[PDB]
Amino acid sequence: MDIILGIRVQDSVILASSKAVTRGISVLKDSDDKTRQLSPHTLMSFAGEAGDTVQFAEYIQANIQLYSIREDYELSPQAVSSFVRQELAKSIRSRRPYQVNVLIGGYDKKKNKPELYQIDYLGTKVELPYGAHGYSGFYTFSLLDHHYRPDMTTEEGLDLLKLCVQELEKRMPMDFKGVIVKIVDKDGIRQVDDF
Amino acid sequence: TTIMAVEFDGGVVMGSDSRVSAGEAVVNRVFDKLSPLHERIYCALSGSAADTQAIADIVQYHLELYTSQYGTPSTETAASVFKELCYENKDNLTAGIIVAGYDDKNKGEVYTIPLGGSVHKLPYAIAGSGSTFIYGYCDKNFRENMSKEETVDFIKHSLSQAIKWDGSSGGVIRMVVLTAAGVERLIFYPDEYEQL
Amino acid sequence: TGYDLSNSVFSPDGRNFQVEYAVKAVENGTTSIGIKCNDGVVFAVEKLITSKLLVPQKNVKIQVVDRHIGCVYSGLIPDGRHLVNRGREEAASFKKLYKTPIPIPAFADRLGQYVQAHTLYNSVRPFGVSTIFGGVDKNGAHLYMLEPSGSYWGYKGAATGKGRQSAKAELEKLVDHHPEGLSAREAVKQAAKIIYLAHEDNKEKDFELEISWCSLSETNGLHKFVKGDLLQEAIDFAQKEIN
Amino acid sequence: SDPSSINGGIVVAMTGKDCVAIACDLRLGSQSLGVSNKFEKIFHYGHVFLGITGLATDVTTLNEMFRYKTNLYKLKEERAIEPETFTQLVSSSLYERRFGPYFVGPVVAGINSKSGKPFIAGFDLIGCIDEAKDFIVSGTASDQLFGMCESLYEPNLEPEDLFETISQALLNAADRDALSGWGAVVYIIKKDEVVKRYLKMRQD
Amino acid sequence: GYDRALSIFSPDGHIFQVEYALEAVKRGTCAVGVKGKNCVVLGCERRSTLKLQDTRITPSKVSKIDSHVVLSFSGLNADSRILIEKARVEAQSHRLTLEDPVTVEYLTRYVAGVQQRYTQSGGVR
Amino acid sequence: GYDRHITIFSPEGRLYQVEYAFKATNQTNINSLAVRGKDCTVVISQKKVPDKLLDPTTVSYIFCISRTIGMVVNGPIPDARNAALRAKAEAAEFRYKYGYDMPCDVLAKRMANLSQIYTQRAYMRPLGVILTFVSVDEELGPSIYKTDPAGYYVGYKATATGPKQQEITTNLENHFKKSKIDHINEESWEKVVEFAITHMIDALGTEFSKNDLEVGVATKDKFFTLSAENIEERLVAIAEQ
Amino acid sequence: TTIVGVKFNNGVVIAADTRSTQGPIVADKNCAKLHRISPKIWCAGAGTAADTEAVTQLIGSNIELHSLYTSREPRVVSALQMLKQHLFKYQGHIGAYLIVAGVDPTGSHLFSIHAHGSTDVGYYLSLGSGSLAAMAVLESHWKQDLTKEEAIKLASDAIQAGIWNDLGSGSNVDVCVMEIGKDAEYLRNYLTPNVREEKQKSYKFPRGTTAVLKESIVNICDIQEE
Amino acid sequence: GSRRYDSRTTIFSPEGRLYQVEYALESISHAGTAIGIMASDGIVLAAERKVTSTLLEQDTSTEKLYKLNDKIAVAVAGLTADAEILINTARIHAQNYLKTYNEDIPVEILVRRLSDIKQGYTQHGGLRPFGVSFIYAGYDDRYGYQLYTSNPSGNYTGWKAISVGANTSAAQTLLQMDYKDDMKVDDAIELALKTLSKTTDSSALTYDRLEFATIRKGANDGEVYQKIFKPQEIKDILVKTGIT
Amino acid sequence: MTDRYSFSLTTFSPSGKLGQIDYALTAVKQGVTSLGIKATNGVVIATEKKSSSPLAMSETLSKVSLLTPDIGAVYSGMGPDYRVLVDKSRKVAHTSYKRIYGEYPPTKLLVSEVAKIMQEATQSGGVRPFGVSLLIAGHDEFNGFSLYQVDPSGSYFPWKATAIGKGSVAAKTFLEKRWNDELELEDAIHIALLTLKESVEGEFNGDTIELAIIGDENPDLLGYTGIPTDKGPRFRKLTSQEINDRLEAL
Ligand SMILES: [Cl-]
Ligand SMILES: [Cl-]
Ligand SMILES: [Cl-]
Ligand SMILES: [Mg+2]
Ligand SMILES: [Mg+2]
Ligand SMILES: [Mg+2]
């Protein structure tokens, strides 16, 4: 499937997601943003079966936006991840399960801490310093295991992420047409427009 | 399984072997395959033990509830209730049923309900795995208006042969005699019928 | 008071007034009778000719159930039809499961339980008909009459409608004068006379006589309508007796 | 493909003298890929401890379900659930999904607060209870754990001796399973104190 | 299910249950709306019969339906919550399907539709 | 005053619809009696055929529920047959589910539970009938269990129902006060029927012909009703001593 | 699994082995396969262990309610009818194979039932992987008019055949004796001919053998006062 | 048909009032008084059991104060049976929220849901409303210590101090007189008991006629503790405050 | 057909009274007296077997019923309403507890379930309340011995001792004078028989009185031996002879 990486540094979470959308023979698009803002300080990247990915992401987004209005309050990243896990855990024993894997990068404004949650289509949740889905981990985790330090700056996090993407572009057979990078911190969500 | 019902002067006689098999293993060698639904209406069961026992229980219940309201059911009525269950559920059932009963107006009657869930009224019927070996014998030897003794000998000799050749059949030959006098149970042991 | 405003409500007497009011609709209706003969039953009904514009012999009132049961009723004709429609469903399901055509006593209870069910709730209205029915089964001839309450019994003779008192008196004479029994052909003649005698309570308008019969010897135990020569013979016998 | 051996991991529970021990590895994986070295498989509802192996999504779901149920139990009963009762709840809960079951190997451990009797129990994925006096094993290295526990175990071990036995049983069993290891935790449970120890083991 | 027709016409062509619902509104605390050239203001009366009230947590009279639309009311407080909840769900449903937040007119038309439905449905006031 | 129309409590804590259903019970103007022998249970009921047009063979308030259980009804025939059909369905279903014949007292309880529901649920009216269930139970022996529109039931040594139940009850009471036993110490059911008829004659102060009575007899493994000629043989034996 | 039922003069005896196996691995060396439907109606289960246990508790529960409703001690033919109608409805998807035995006011009864909903009746029955080993012993030694002490011995002899000759069976023998007009006596581990021999060595470790990273006290208590 | 016997529980009066809600409130006005007082460092729940007996087992008895979870408790005024139906629903909602979000339900979200259920019985179904008024004492990490009330109408409001049941008019005047914002739990305990003591229809206020509960951060460090007072503990606080 | 009564038949009157519950309590008041007394080592529940006719076999009518092996129930009011409640109480003990936890419910929670069924008949569509008050005596491991009263409203209260029905007011005053926290079971039975004699007019003997206890485990009444942990039911119904023996020491 498509590559979605995540790395939690000192004061922010960084989500990198491929831009390619391939339908069998042809690459239909090379600028696809595989992410949805769930709340001002929570971002979710996704990869899986065509159609199901966006349908699930927008469904979650709608539910978190509904809660935000009802209570006039932003749910903690932990609370949002738990809600998403339950929805995927419910989905696997459904008539037609969502084949969707997600990373949830959020900044908890109460604890003043960045948080990264990795949830697969089964509803398998784990909190990680850095995560991936599909084959992305196989190429990148050896580099992250070596270089990652919990007191890394955002700039150091982006540099380690560039080394991860470079290794993917070298050894992965598929052309994923680069990655859109987004940072989640105390000030909210912004996109790195040059990568 | 070897089972058969025969129409005679006095009424009707039902006969069966007593073997229940699971592959090559004889699970029970003295099983009673002749089950009463009413006082003078009996059924012989072939195919799935689970399916046949389940249906027999329901028919017994239907004839009991019938009797409470409308009095004694005809043998035809009993056969009809079986056919209804077997025909409507033919996709989920493996049951071959002979129904033998005695009215005082209709006297002795025999009905067979094969796999399909069709009904056939016959002077005599044979069913079960062993029946295939005695189609020749039964056709040559059956007469209409036999005595009780003649009919017992005909069934004893018939099931004897079917037990001899069929591995799925064996044990004792149980028989039920339905007449105006009432219900008589007969049993015949290997040492008796093997030397025929 | 207010006990008579709702169906299924017991009055301080222990009565269901709504059922007793349904009987008034029955008593308002035309006369219908039944006669149990040696080997079967005869049914007859009074049909009031409201206008010359009514097509003779077309507005048939007596109904068949299965092929061996006849049904006639007095009161609200639609309620009678609704009951016969149910009777036909009951007779159909019985024969489907048990093969044999429904016995008359068995069929009597099927109507009885259904009519009784319409006295259990305030969400339904009792039947505004008394039904006379019967036929031939394996145990011979049976005649039944079924009131709005769900009450029914077996009868030698039965009558209902506006001229029931007159009819009953005539039926009682036949029972006394014929202990050995009445023949099917005699019963048809007697049925014609009793309807003509019972028409004195409905003497304003002239009427049309309708007869049916089930007999083991005469109809092979099937329900048939008395037509042509046999009907005219019965009308002639009836007209001779009133004069 | 086999749901019970996608994520991997093991749980073992033993009885000692006036004490019980329950232990688990910390690995969560996607078949060959190691994903997490902090995935604890032992939970507790009051003084009753529940270890769950098998499909990780079901491990999390059942923990949330038994927390839910034991919290309602306490509000209504006005007392903490006991190991014997909780065992019957786990069995009931698993079997009501008879034809769509949770792919798990649960293990109950705890001391009855009134009798003071040490209690352990194991279940198959549809809730058949295994109430062994000695030890219960579960997970992708259950064969290895059976082998270790059968030789190492002796009855009436003191809490600090039982720790060594269950620790060596888990470690050496995990080191002969590809889908187990990446750290280990051991709970030593007495009537009114519970100690939790993280073991140092090879990280391959 | 309870199917009783509570909202019905009277001989003079009035639906009393709808008119008696307006009498509940008359009793409710005063709400006012004034739109300027580049703003709208919603003023709301708080009856001072209730002091020792915790104003932090007490349900406020003006509710956000979305980030751009607000709803105030007069009448039964419990009834208002059901209309606010339905409106908030429809606002997020609109964003999900039309990929655009509701217009003020559309949100009004929806809430007004819910209120109408409860004037000719069985077993509801 | 709609607390009198449906089965809800009056200010006195009474159900008037239940009380009025009890009054409907005596609408037929028929008296029934049930007694127990050593080996049998006998039930006798008055038979009144007022119309000469009726077929007297079809006029009956005694029902054969199962092979073992008999039932006599005090109340209108529609409600009687409603209760009869349900009792027959319940007895048949019981045998199918639990693999043994439904006991007399268990059927009595089941019909009583059904009657209780009609006293609590508003949409269902009570049945205006008192059901007397008789059998020779394979565990308890000769058994009389009676149900009423209130949903009440109890076992009886003997019992009477109808307009003149008190006269029959007191008569039976006085006999069992003498004998100091819970049954009629008699071998044959014939003589237990002769006792039942004799004590009804004494209590009502009326003579009976063969067509004025209706008799049901419960023995081990069957309940049956007597023909007019079987009752005549009984009446002859009473007159000859 | 080896399970047998044997009829005798004044009652019925049921026996079973004590081994539960996950394929070739032995999960419980002293399992209890003798389940109670009602005080004097005991049954033993082969097939899916969860199914046999579950199906006996459900029918056992409904039997207790039926007993209270009818004011009568429960009958074996009731348990039988309820088991077969349940199992048949599920078309063998509930893998419960049971030997049902007991005493009631009717007398002493012995039935078997298979997962699909068929039932068997006999004076001696066997069930499970070791049924052929057990049935060999029963067919060799069974006679009419057995005494209670002969029936226990025959039933026990038939289980032993299973224990020794069938790999699916092993360990001890459980027995339950249901005699007419008496309390059913459950004899847990009636025979124990498979006690593990003393090991050559003690594997008790010196204290401090295991490497530890962190210790911490776990709070199993509720939130405290003050 | 059936229409004849329908009371029509969910209709407006000509004045625009809900008959059954107004009559249910009349019922609650005869129930034992319940008081909630919110302080800076905790909440107090005090409630009066209705004319008891000497043979009532008090130590195992509960009619007034119920636990919804570890952070939220309720004081009941009205039909005890009706209350238990709603309490069991609230307990399930609190566990549903904890399962979904892996966080304890905020106090207001629980109060709104129970209040929405009550509302439903006034607008549809044709059933009688719940003859119950609740005082919710709860804590969460957003608003801290919170007091709410809900009544059969399904309307809920927040309070610093509030009463429900009998003599609320007299009770609310006494609370409004003596309550201050900088008040502490130990002071609030005294106010709650002094108010009941003056408003009670009984001759004297004793331990056997009271149910008492406190929600304190008087739990060792950064956590909250619920304390349902035992009969002997109510007797001790009555002597301490100088009422007996 | 269909049950078209989907609306409450119990509603608040202008005075705040639930008429049908009040009237149900009036039906209970007319009912025959039943009482319960809790001792240190057991509980006793008793009532009069008011035989409708002497021909009637009053043994076949059970006013005191076993709900679980350790819980018993007696009533005052409408007998039929009690009988169906006992059938529902026995079933709910299994469906909503035993089939989940593999053990019988504690007294307070079964009482809670019976209370819920009686509350619903007070609010549910097209039904009247139950015209009974129940006295439920039971034992469980963690709560010990307990006695509960359940009213038509669904309200339940725990009692040391109490009486309901005809002569409850007088009976409760009699129990207040005699009850202490040091009573043995035999002492509670003695007080139960003294209290019940006051409210009985005619015959007073073992055949006219129905009395059951929740006391020690009865291994003789278990029906099987072999399992040490299973020691038998704590509920036991006293025989006609056992009552008459204690009426000589009265
Ligand atoms: Cl009949
Ligand atoms: Cl029932
Ligand atoms: Cl097998
Ligand atoms: Mg390893
Ligand atoms: Mg590795
Ligand atoms: Mg009613």
# chains A, B, ... in the order shown; residues from 1 in each chain; ligands from 1
>>> residues_near_ligand(ligand="ligand 6", cutoff="7 Å", atoms="only C-alpha atoms and all ligand atoms", output="MDAnalysis selection string")
chainID F and resid 6:7 118:126
>>> write_last_selection(atoms="N, CA and C atoms", output="CSV table (one decimal), in the first residue's frame")
chain,number,residue,atom,x,y,z
F,6,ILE,N,-62.1,-2.1,32.7
F,6,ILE,CA,-60.9,-2.8,32.5
F,6,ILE,C,-60.3,-3.3,33.8
F,7,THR,N,-59.3,-4.2,33.8
F,7,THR,CA,-58.7,-4.9,35.0
F,7,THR,C,-57.7,-4.0,35.6
F,118,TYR,N,-54.7,-12.1,32.3
F,118,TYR,CA,-55.9,-11.4,31.9
F,118,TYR,C,-56.4,-10.5,32.9
F,119,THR,N,-56.0,-10.7,34.2
F,119,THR,CA,-56.4,-9.8,35.4
F,119,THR,C,-55.4,-8.7,35.5
F,120,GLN,N,-54.3,-8.7,34.9
F,120,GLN,CA,-53.2,-7.7,35.0
F,120,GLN,C,-53.1,-6.9,33.7
F,121,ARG,N,-53.2,-7.6,32.5
F,121,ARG,CA,-53.1,-6.9,31.2
F,121,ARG,C,-54.5,-6.5,30.8
F,122,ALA,N,-54.7,-5.2,30.3
F,122,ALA,CA,-55.9,-4.5,30.1
F,122,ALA,C,-56.7,-5.0,28.8
F,123,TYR,N,-55.9,-5.3,27.8
F,123,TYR,CA,-56.4,-5.6,26.4
F,123,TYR,C,-57.1,-6.9,26.4
F,124,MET,N,-56.7,-7.8,27.3
F,124,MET,CA,-57.3,-9.2,27.4
F,124,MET,C,-58.3,-9.2,28.5
F,125,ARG,N,-59.5,-9.7,28.3
F,125,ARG,CA,-60.6,-9.9,29.3
F,125,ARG,C,-60.4,-11.2,30.0
F,126,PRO,N,-60.9,-11.4,31.2
F,126,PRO,CA,-60.9,-12.7,31.8
F,126,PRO,C,-61.9,-13.6,31.1
>>> residues_around(residues="residue H:243", least_positions_apart="6", cutoff="12 Å", atoms="only C-alpha atoms", output="ChimeraX atom specification")
/H:190-198,204-207,234-237
>>> residues_around(residues="stretch 75-87 of chain E", least_positions_apart="2", cutoff="6 Å", atoms="only C-alpha atoms", output="ChimeraX atom specification")
/E:24-25,28,89-90 /H:119,154-155
>>> select_by_dssp(residues="stretch 2-232 of chain H", states="helix (DSSP H, G or I)", output="MDAnalysis selection string")
chainID H and resid 3:5 19:28 80:101 107:123 168:178 185:199 207:209 231:232
>>> select_by_dssp(residues="chain A", states="strand (DSSP E)", output="ChimeraX atom specification")
/A:4-8,13-18,20-23,26-30,35-39,42-48,100-108,113-119,125-127,130-132,179-185,188-192
>>> closest_atom_pairs(of="chain C", to="ligand 1", cutoff="12 Å", atoms="only C-alpha atoms and all ligand atoms", output="JSON lines")
{"residue": "C:105", "atom": "CA", "partner": "ligand 1", "partner_atom_place_in_ligand_line": "1 (Cl)", "distance": 11.0}
{"residue": "C:106", "atom": "CA", "partner": "ligand 1", "partner_atom_place_in_ligand_line": "1 (Cl)", "distance": 11.1}
{"residue": "C:109", "atom": "CA", "partner": "ligand 1", "partner_atom_place_in_ligand_line": "1 (Cl)", "distance": 11.3}
>>> residues_near_ligand(ligand="ligand 5", cutoff="7 Å", atoms="only C-alpha atoms and all ligand atoms", output="list in words")
residues 34, 178, 203 and 204 of chain D
>>> residues_near_ligand(ligand="ligand 3", cutoff="7 Å", atoms="only C-alpha atoms and all ligand atoms", output="PyMOL selection string")
chain G and resi 46-47+97+128-129
>>> residues_near_ligand(ligand="ligand 2", cutoff="10 Å", atoms="only C-alpha atoms and all ligand atoms", output="PyMOL selection string")
(chain F and resi 106-107+109-117) or (chain G and resi 69) or (chain I and resi 83-84+87-88)
>>> residues_near_ligand(ligand="ligand 4", cutoff="12 Å", atoms="only C-alpha atoms and all ligand atoms", output="VMD selection string")
chain D and resid 8 to 10 25 to 29 32 34 37 140 to 141 144 170 to 184 201 to 204
>>> residues_around(residues="stretch 1-7 of chain G", least_positions_apart="4", cutoff="9 Å", atoms="only C-alpha atoms", output="JSON, numbers by chain")
{"G": [11, 12, 13, 14, 15, 16, 17, 18, 19, 20, 21, 33, 44, 45, 46, 47, 98, 99, 100, 101, 108, 109, 110, 111, 112, 122, 123, 124, 125, 126, 127, 128, 129, 130, 131, 133, 134, 135, 138, 142, 145, 146, 148, 151, 152, 154, 155, 156, 158, 159, 160, 161, 162, 163, 166, 167, 168, 169, 170]}
>>> atom_distance(atom1="atom CA of residue D:131", atom2="atom CA of residue D:90")
13.0 Å
>>> interface_residues(of="chain E", to="chain H", cutoff="12 Å", atoms="only C-alpha atoms", output="ChimeraX atom specification")
/E:1-7,15-28,49-61,75-83,85,118-119,121-125
>>> closest_atom_pairs(of="chain C", to="chain I", cutoff="7 Å", atoms="only C-alpha atoms", output="JSON lines")
{"residue": "C:121", "atom": "CA", "partner": "I:1", "partner_atom": "CA", "distance": 6.6}
{"residue": "C:123", "atom": "CA", "partner": "I:1", "partner_atom": "CA", "distance": 5.7}
{"residue": "C:124", "atom": "CA", "partner": "I:1", "partner_atom": "CA", "distance": 6.6}
>>> residues_around(residues="stretch 91-108 of chain A", least_positions_apart="3", cutoff="6 Å", atoms="only C-alpha atoms", output="PyMOL selection string")
chain A and resi 13+41-49+52-53+76-77+88+111-122+185
>>> decode(residues="stretch 152-230 of chain H", atoms="C-alpha atoms", output="mmCIF file, in the first residue's frame")
data_model
loop_
_atom_site.group_PDB
_atom_site.id
_atom_site.type_symbol
_atom_site.label_atom_id
_atom_site.label_comp_id
_atom_site.auth_asym_id
_atom_site.auth_seq_id
_atom_site.Cartn_x
_atom_site.Cartn_y
_atom_site.Cartn_z
ATOM 1 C CA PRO H 152 -39.200 15.027 36.037
ATOM 2 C CA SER H 153 -39.384 17.741 33.252
ATOM 3 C CA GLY H 154 -35.769 16.806 32.257
ATOM 4 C CA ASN H 155 -34.519 20.375 33.023
ATOM 5 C CA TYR H 156 -31.118 20.477 34.878
ATOM 6 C CA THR H 157 -29.248 23.469 36.477
ATOM 7 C CA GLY H 158 -25.863 23.956 38.274
ATOM 8 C CA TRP H 159 -25.633 25.080 41.959
ATOM 9 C CA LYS H 160 -23.183 26.178 44.726
ATOM 10 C CA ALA H 161 -25.799 24.912 47.273
ATOM 11 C CA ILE H 162 -29.292 23.398 46.545
ATOM 12 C CA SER H 163 -32.121 21.330 48.185
ATOM 13 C CA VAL H 164 -34.832 18.966 46.737
ATOM 14 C CA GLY H 165 -37.886 17.221 48.320
ATOM 15 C CA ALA H 166 -39.777 18.662 51.357
ATOM 16 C CA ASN H 167 -39.451 22.288 52.661
ATOM 17 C CA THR H 168 -37.052 23.367 49.803
ATOM 18 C CA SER H 169 -38.369 27.003 50.182
ATOM 19 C CA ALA H 170 -37.305 27.133 53.899
ATOM 20 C CA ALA H 171 -34.055 25.145 53.193
ATOM 21 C CA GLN H 172 -32.945 27.355 50.210
ATOM 22 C CA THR H 173 -33.446 30.578 52.311
ATOM 23 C CA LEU H 174 -31.213 29.163 55.157
ATOM 24 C CA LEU H 175 -28.459 28.041 52.665
ATOM 25 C CA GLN H 176 -28.628 31.450 50.817
ATOM 26 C CA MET H 177 -28.107 33.174 54.250
ATOM 27 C CA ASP H 178 -25.030 31.234 55.569
ATOM 28 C CA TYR H 179 -23.224 30.077 52.326
ATOM 29 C CA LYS H 180 -19.985 31.900 51.261
ATOM 30 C CA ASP H 181 -17.689 31.194 48.221
ATOM 31 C CA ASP H 182 -14.412 30.628 50.234
ATOM 32 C CA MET H 183 -16.268 27.967 52.381
ATOM 33 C CA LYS H 184 -14.520 24.581 53.107
ATOM 34 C CA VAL H 185 -15.961 20.982 53.297
ATOM 35 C CA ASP H 186 -15.899 20.854 57.170
ATOM 36 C CA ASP H 187 -17.950 24.142 57.234
ATOM 37 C CA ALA H 188 -20.311 22.825 54.453
ATOM 38 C CA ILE H 189 -20.889 19.559 56.479
ATOM 39 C CA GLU H 190 -22.040 21.757 59.453
ATOM 40 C CA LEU H 191 -24.305 23.990 57.226
ATOM 41 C CA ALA H 192 -25.969 20.914 55.565
ATOM 42 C CA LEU H 193 -26.821 19.289 58.976
ATOM 43 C CA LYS H 194 -27.893 22.635 60.631
ATOM 44 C CA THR H 195 -30.300 23.269 57.652
ATOM 45 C CA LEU H 196 -31.900 19.738 57.828
ATOM 46 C CA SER H 197 -32.148 20.152 61.676
ATOM 47 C CA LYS H 198 -34.307 23.352 61.244
ATOM 48 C CA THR H 199 -36.397 22.232 58.163
ATOM 49 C CA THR H 200 -37.092 18.591 59.353
ATOM 50 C CA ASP H 201 -40.783 17.645 60.079
ATOM 51 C CA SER H 202 -39.381 15.209 62.759
ATOM 52 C CA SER H 203 -39.146 16.277 66.479
ATOM 53 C CA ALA H 204 -35.284 15.908 66.493
ATOM 54 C CA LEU H 205 -32.583 14.994 63.878
ATOM 55 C CA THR H 206 -30.791 11.682 64.816
ATOM 56 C CA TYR H 207 -28.228 9.371 63.049
ATOM 57 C CA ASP H 208 -30.842 6.651 62.172
ATOM 58 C CA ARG H 209 -32.917 9.230 60.129
ATOM 59 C CA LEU H 210 -29.938 10.493 57.972
ATOM 60 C CA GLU H 211 -27.841 9.390 54.949
ATOM 61 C CA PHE H 212 -24.549 11.388 54.540
ATOM 62 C CA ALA H 213 -21.786 11.473 51.831
ATOM 63 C CA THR H 214 -18.708 13.670 50.985
ATOM 64 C CA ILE H 215 -16.636 13.897 47.726
ATOM 65 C CA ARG H 216 -13.138 15.144 48.806
ATOM 66 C CA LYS H 217 -9.673 15.628 47.211
ATOM 67 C CA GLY H 218 -8.949 14.583 50.825
ATOM 68 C CA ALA H 219 -7.568 11.500 48.975
ATOM 69 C CA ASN H 220 -3.747 11.049 49.259
ATOM 70 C CA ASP H 221 -2.382 13.519 46.583
ATOM 71 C CA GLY H 222 -3.934 14.235 43.108
ATOM 72 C CA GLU H 223 -7.118 12.045 43.232
ATOM 73 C CA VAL H 224 -10.759 12.143 44.583
ATOM 74 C CA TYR H 225 -12.443 9.909 47.275
ATOM 75 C CA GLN H 226 -16.224 9.267 47.761
ATOM 76 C CA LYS H 227 -17.260 8.564 51.416
ATOM 77 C CA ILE H 228 -20.778 7.096 52.073
ATOM 78 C CA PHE H 229 -20.987 7.691 55.894
ATOM 79 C CA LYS H 230 -21.760 4.616 58.107
#
